[PDB]
Each structure stands twice: as structure tokens, then as C-alpha cells.
Amino acid sequence: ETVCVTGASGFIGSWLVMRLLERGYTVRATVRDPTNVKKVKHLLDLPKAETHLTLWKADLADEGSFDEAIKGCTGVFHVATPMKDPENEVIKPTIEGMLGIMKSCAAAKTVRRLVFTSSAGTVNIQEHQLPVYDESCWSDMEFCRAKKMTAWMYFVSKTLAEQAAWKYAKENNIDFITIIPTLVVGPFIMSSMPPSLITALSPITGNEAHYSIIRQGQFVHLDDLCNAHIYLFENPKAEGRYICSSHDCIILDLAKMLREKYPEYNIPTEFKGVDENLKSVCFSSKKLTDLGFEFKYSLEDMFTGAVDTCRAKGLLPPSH
Ligand SMILES: NC(=O)c1ccc[n+]([C@@H]2O[C@H](COP(=O)([O-])OP(=O)(O)OC[C@H]3O[C@@H](n4cnc5c(N)ncnc54)[C@H](OP(=O)(O)O)[C@@H]3O)[C@@H](O)[C@H]2O)c1
Ligand SMILES: O=c1c(O)c(-c2cc(O)c(O)c(O)c2)oc2cc(O)cc(O)c12
Ligand SMILES: O=c1c(O)c(-c2cc(O)c(O)c(O)c2)oc2cc(O)cc(O)c12
């Protein structure tokens, strides 16, 4: 059958296409710029890309642009998201894009299910942290707007887009699933540095401005995540939002896993404002596992796959 994947040039999108191709789907991968060799080379190099992968130019800002790509699809995987005035440059596009792709799905008449990649930023952005988050939990928009932490506009954009999308999904018998990853970490097929690896390997690179997100962190392996995407597309019992997250630990525990694996790097021992009495916040993937889905990887796997791919590509120095 034929499935569309938006944001195929990205870290999650390209890995998902790979997996969908390996499982024997015919894939329509969407990109904003098909002439960009540094993004399409990696797509066109995937197994079965010659016979089962087609490329489609589309942009979330352009109303109707996903129309033709989606027409004749049985499934859509909406992974793409827009990345000075955030309210209009990021927020509105994301919501409109989202609706735009369900409109395009309905216009298509052939889509049986739409799977949206959401964000942990839709779940736990509030001032007080619960010890365990689940799918009934939603982020606090007034806290986002009033405090404006790093990435606030992506918290707000994805929360609003997913809620706007659920409205539409119930209205129009559009059968909609959402998957909520926490920090996605793993090897990758792209030659640019995955954004979430800038955050995950921050203990190594010393990028302080990324610590807050891993102070109390949650993690999922890219391959577990893509599988979860396909599983949920297929498994017709699937309903609702699904958290996809395999590990949680505070930054001390992360950094401590890393030091032991990577003596080679200058991985600090203590972090500002972080007691060992800091509780870890877990994202419960019970709803997903109760369906039957199983996680195949470990925190160690994630960061090994990551650091190995990053050095191989010259994105990380081999030591400090
Ligand atoms: N990685 C994580 O830790 C993580 C965790 C939770 C949720 N997510 C969600 O996962 C998705 C994938 O993120 P990722 O980390 O794979 O990011 P990425 O590698 O930066 O990929 C993002 C994709 O978005 C596409 N895109 C950006 N602007 C677009 C636009 N205006 N129209 C159409 N496509 C556009 C980019 O395509 P081009 O640049 O080719 O145009 C790129 O393919 C995002 O929705 C994000 O919110 C990621
Ligand atoms: O670069 C960043 C980023 O992209 C996101 C992000 C968060 C979400 O919830 C999303 O849904 C999303 O698309 C992006 O958060 C961040 C949080 C930080 O503390 C620091 C960062 O550098 C980022
Ligand atoms: O999409 C992203 C995302 O959801 C989160 C995130 C992870 C968590 O574990 C949370 O608890 C949380 O609230 C947000 O971080 C990110 C960091 C990046 O560099 C880039 C991203 O795209 C995300």
C-alpha cells in the first residue's frame, strides 16, 4: 500500500521512510526542496528507493500543497513541523499545516489513518512536575506564554496544533492517531546534526542551554519510535494519543552513564541546581505496550548509536 511521510529529509522522517520501505510499503516522501542533494541523496540511497520511493515537493505554509502527494495514499505520517515573531512564523503555520494535512487527507478520500508525530512539549510544560505523565496530560499554555522558556513556541505550536487536529478528527470521521516521543536519540542517516542530538549529547559538548530539557529527561530510541509509528498505523485497535518513551532519568544519571562509556570526553560530574534528591519524571508508555508493542533498545544503545554516527560523520570530535 501507499503511505505519505512529511518531513522525510529530517531525523525521524528519513528513518521512518527507511523502515516503511524495508517493510515493503510504497512511500511518498515529501521535501520542501528536492534539489537539495545533501538531504535527498540519503533518501534515494535507501534500499528499494529506486522502485518504491517517490519524492514530492510540499511546504506546510502553502495551502493545499500536500494534496497530490496524499491522493491515493492509504496512510499519512505527518512528521514535519516548522522550525522574530513566533506567533505567526511558527505557531499559526503549525496549526494551519496540521489542519492543511487532514484537509488534504479528506480531499484524498483514500486515507484510512493519519498518524501525527506530536511532542513531549504537548504533555509536561507546566510549573509543577508530576512524577509520571500519561496521555491525559496536556501542557499549560499560559505558563508557556508568560515564562517563555527556550522552545516555548514549539511547546505552544505543537500543543495547539494537536488539539486543533483532534477537533477536526472527531468531526470528519478522520481516523487519527498521535504519537508523543520524548527526546529521540539514536544513530541517523542524515549528514547534518540532528537537533535532538544537539540536546542529548550536551553533557559532552558542554552546551548548557540544552541541559534544562534533560534535567529530568525522558528518552526514546529512534528505531523504537519509527516502529511504534508503523505499529500504530497498522494495529487497528489503536486509538487516541500514545506516549512513546522508554527511559527517564535525571541529568546526573545520564552524565554518569556517559562518563563510564566515554572517558574520552570531558563529561562534568555535577550540574547547577540538581540534587541527587531530584526526582525523575517518567513518561508512561503503558498504553502503547498494553496494545502489544515492545521496546527493543536501551538508553545505552541510543547514545552509542548516536556518538558513533556523530564521529563517523565528523559531527563530534573523537575525544576532548
Ligand atoms: N527529535 C526529537 O527529540 C523529537 C521529540 C519529540 C517530537 N519530535 C517531533 O518530531 C518531528 C521530527 O523532528 P526531527 O527531530 O526529525 O526534526 P528535523 O530533523 O529537524 O526534521 C524536521 C523536518 O521538518 C521539515 N520542515 C520544516 N519546515 C517545514 C515546512 N515549513 N514545511 C514542510 N516541512 C518542513 C524539515 O524539512 P526540510 O528542512 O526538508 O524542508 C525536516 O524534514 C517534529 O514534528 C518534532 O516536533 C521530535
Ligand atoms: O531546539 C530545540 C527544539 O527544537 C525543541 C522542540 C521541543 C518540542 O516540544 C517540539 O515539539 C519541537 O519540535 C522542538 O526544544 C528545545 C528545548 C530546549 O530546551 C533547547 C532547544 O535547543 C530545543
Ligand atoms: O520535539 C522535542 C521534544 O518534544 C523535546 C522534549 C523532550 C522531553 O523529554 C520533554 O519532557 C519535553 O517536554 C520536550 O525535546 C526536544 C529537544 C530538541 O533538541 C528537539 C526537539 O524536536 C525536541
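Throughout, residue positions are numbered sequentially from 1 according to the sequence presented.
- With sequence neighbours excluded, the residues that form a side chain to side chain contact (heavy atoms under 4.5 Å, CB included) with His52 are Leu21, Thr26, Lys48.
- The shortest non-hydrogen separation linking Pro203 to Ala200 is CD-O, 3.4 Å.
- Side-chain contact check for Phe303 versus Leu254: some heavy-atom pair is nearer than 4.5 Å.
- Partners of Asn173 under the side chain to side chain donor-acceptor pair (under 3.5 Å) rule, at least two apart in sequence or in another chain, do not exist in this structure.
- Residues satisfying the side chain to side chain contact (heavy atoms under 4.5 Å, CB included) test with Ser285, not counting sequence neighbours, are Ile243, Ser245, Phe295.
- Summarising the geometry of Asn124 relative to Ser139, their closest heavy-atom pair is N-OG, 3.5 Å, with the distance given to 0.1 Å.
- Annotation: side chain of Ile125 is in contact with side chain of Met149 (closest heavy-atom distance under 4.5 Å).
- Residue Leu16 is grouped with residue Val185 when hydrophobic side chains (ILVMFWY) are merged at heavy-atom distances under 4.5 angstrom, including chains of intermediate members.
- Considering only residues two or more places apart in sequence or on other chains, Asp134 meets the side chain to side chain contact (heavy atoms under 4.5 Å, CB included) condition with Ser136, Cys137.
- Looking at heavy atoms from C-beta onward, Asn172 lies out of side-chain contact with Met102 at the 4.5 angstrom threshold.
- Residues meeting the ring-ring contact (aromatic ring centres under 6.0 Å, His included) test with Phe155, sequence neighbours left out: none.
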- request: Start with the C-alpha distance between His78 and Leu60, add both sets of side-chain angles, then the distance that settles side-chain contact (heavy atoms from CB on, under 4.5 Å), and finish with yes or no.
  value: CA-CA 11 Å; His78 183 39; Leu60 289 166; 3.6 Å; yes
Result block: side-chain N/O donor-acceptor pairs under 3.5 angstrom for residues 218-228, not counting sequence neighbours:
| residue | atom | partner | partner atom | Å |
| --- | --- | --- | --- | --- |
| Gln218 | NE2 | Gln216 | O | 3.3 |
| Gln218 | NE2 | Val281 | O | 3.1 |
| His221 | ND1 | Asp223 | N | 3.2 |
| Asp223 | OD1 | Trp15 | NE1 | 3.1 |
| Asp223 | OD1 | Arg19 | NE | 2.6 |
| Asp223 | OD1 | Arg19 | NH2 | 3.1 |
| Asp223 | OD2 | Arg19 | NH2 | 3.3 |
| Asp223 | OD2 | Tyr297 | OH | 2.6 |
| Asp224 | OD1 | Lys296 | N | 2.7 |
| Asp224 | OD2 | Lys296 | N | 3.4 |
| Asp224 | OD2 | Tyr297 | N | 3.0 |

task: Apply side-chain contact (heavy atoms from CB on, under 4.5 Å) to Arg241 and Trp166, showing your working.
output: CA-CA 10 Å; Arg241 314 174 76 198; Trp166 283 118; 3.9 Å; yes
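- Both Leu44 and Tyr25 are part of a single hydrophobic cluster, where members link through side-chain heavy atoms under 4.5 Å apart.
- Note on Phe176: it does not cluster hydrophobically with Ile180, by side-chain heavy-atom contacts below 4.5 Å among ILVMFWY residues.
- Here CE of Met98 is found 11.5 Å from CD1 of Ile95. Values are rounded to the nearest 0.5 Å.
- Side chains of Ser65 and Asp59: no donor on one and acceptor on the other come within 3.5 Å.
- Side-chain contact between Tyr231 and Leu291 is present, with heavy atoms from C-beta onward closer than 4.5 Å.
- Under the side chain to side chain donor-acceptor pair (under 3.5 Å) criterion, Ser284 pairs with no residue, sequence neighbours left out.
- A continuous path of hydrophobic side-chain contacts links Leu299 to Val307 [ILVMFWY only; heavy atoms under 4.5 Å].
- Distance alone, capped at 3.5 Å, places no donor-acceptor pair between the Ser104 side chain and the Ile101 backbone.
- For the atom pair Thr122 OG1 and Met141 CE, the distance stands at 8.5 Å (nearest 0.5 Å).
- Nearest approach of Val79 to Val5, heavy atoms of both residues: CG2-CG1, 4.2 Å.
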- request: Might you work through the side-chain contact (heavy atoms from CB on, under 4.5 Å) test for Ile230 and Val115, ending with a clear yes or no?
  value: CA-CA 9 Å; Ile230 299 160; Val115 179; over 6 Å; no
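- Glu135 and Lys286 are not joined by a salt bridge, as no carboxylate oxygen comes within less than 4.0 angstrom of a charged side-chain nitrogen.
- A heavy-atom distance below 4.5 Å is found between the side chains of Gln129 and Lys279.
- Here the CE atom belonging to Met190 is positioned 6.0 Å from the OG atom belonging to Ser14, to the nearest 0.5 angstrom.
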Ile12 and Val184: CA distance, side-chain angles, deciding distance, side-chain contact (heavy atoms from CB on, under 4.5 Å) verdict: CA-CA 8 Å; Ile12 302 166; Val184 186; 4.3 Å; yes
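- Residues that satisfy the side chain to side chain donor-acceptor pair (under 3.5 Å) test with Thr117, not counting sequence neighbours, are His229.
- Remark: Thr269 OG1 to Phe271 CZ distance equals 8.0 Å, nearest 0.5 Å.
- Closest heavy-atom contact between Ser202 and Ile214: OG-CD1, 3.5 Å.
- Clustering ILVMFWY residues whenever any of their side-chain heavy atoms sit less than 4.5 angstrom apart, transitively, puts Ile189 in the very cluster that holds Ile198.
- Among all heavy-atom pairs drawn from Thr2 and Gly72, the shortest one is CB-O, 3.9 Å.
- Judged as a side chain to side chain donor-acceptor pair (under 3.5 Å), and not counting sequence neighbours, the contacts of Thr178 are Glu162.
- The main-chain N or O of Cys144 is never found under 3.5 Å from a side-chain atom of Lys147 such that the two would form a donor-acceptor pair.
- Here the closest heavy-atom approach between residue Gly273 and residue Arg215 is recorded as O-NH2, 3.1 Å.
- To the nearest 0.5 angstrom, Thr30 atom OG1 is 12.0 Å from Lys57 atom NZ.
- No side-chain heavy atom of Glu260 sits less than 4.5 Å from a side-chain heavy atom of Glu300.
- Contacts of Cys310 classified as side chain to side chain contact (heavy atoms under 4.5 Å, CB included), with partners at least two apart in sequence or in another chain: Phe188, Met193, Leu197, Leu201, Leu315, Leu316.
- Side-chain contact between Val3 and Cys73 is absent, with no heavy atoms from C-beta onward closer than 4.5 Å.
- Applying the ring pair (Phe, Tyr, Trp, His ring centres under 6.0 Å) test to residues at least two apart or on different chains, none of the pairs has a partner in residues 90-109.
- Cation-pi contact between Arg23 and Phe233: absent, since separation from the ring centre below 6.0 Å together with deviation from the ring axis within 45° is not met.
- Side-chain contact check for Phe283 versus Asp248: every heavy-atom pair is 4.5 Å or farther apart.
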Evaluation steps, salt bridge (charged side-chain N to carboxylate O under 4.0 Å, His left out), between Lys103 and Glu96: CA-CA 10 Å; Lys103 278 163 187 163; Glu96 292 168 319; over 6 Å; no
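- A distance of 4.5 Å separates CD1 of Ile179 from CG of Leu232, quoted to the nearest 0.5 Å.
- In this structure, the salt bridge (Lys or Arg N to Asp or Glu O under 4.0 Å) partners of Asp45, at least two apart in sequence or on a different chain, are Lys41.
- Remark: side-chain polar atoms of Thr6 are paired, donor with acceptor, to backbone N or O of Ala80 under 3.5 angstrom.
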